[PDB]
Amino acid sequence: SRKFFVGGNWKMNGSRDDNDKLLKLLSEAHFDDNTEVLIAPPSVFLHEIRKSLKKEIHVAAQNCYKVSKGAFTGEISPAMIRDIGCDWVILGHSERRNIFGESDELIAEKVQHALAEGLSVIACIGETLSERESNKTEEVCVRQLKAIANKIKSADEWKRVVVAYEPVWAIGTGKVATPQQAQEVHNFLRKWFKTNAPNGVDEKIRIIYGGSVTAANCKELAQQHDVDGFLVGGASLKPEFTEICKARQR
């Protein structure tokens, strides 16, 4: 059975005093062996947070670039992420795709490079409100996923990928996908893997939901057949995050 997976995307939020309070709450929570837990702080805090935080909790960069070093002022590399002792990265987040213009191919290139360095990847996909209204949800999701899958050449590589489906219109808007909306997307996503990725990957790959997940709505979403966890944004800065990590419990 796929291990349940809850990541917390802090986005552009953090400071020594705020981080210390949040990490104190995280360290004191008790997470069962059945739940895999990840936080993603801003890049300037990654090294110190990884040093102090227990190793059962992942510490991810929120973005990285697609080569180990070079003339890319402002960018960090998977080698740099490994050098500071972190093992994960979020790639293709909608804010990077939309506000910063990162293309499908750029995300695919980043994912392939991160996997080549030994990282695990949360690879983000999703459709806008207008794309959904035009009944393009699957077309858009499958385009973004296919670009990434085209650079993943073996089934072993897919073991270090978690797919996050986040409808753009649910991100930070308070407007979560209904449990039926989420299950329906994740189901055709898993079917796409069954058809298009190496045998067996469909049954192992975690597909997590993101977009206005809170403690008030996380339990019904977690009971959905093809939902394997969450990418939590605004709520990952609050005490209720530890409650969202228990989403599968009664």
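When you see a residue number, it is the position in the sequence shown, counting from 1.
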item	value
Between the two ranges 218-226 and 43-51, the one averaging a larger CA B factor in the entry	218-226
Selected stretch [higher average CA B-factor]: 161-169 or 146-154	146-154
Residue 65 CA temperature factor, ranked by third within the chain	lowest
Position of residue 102 among the chain's modelled residues by C-alpha B-factor, lowest, middle or highest third	middle
Ranked C-alpha temperature factor of residue 31 among modelled chain residues, by third	highest
Position of residue 233 among the chain's modelled residues by C-alpha B-factor, lowest, middle or highest third	middle
Modelled-residue ranking by C-alpha temperature factor, third containing residue 113	lowest
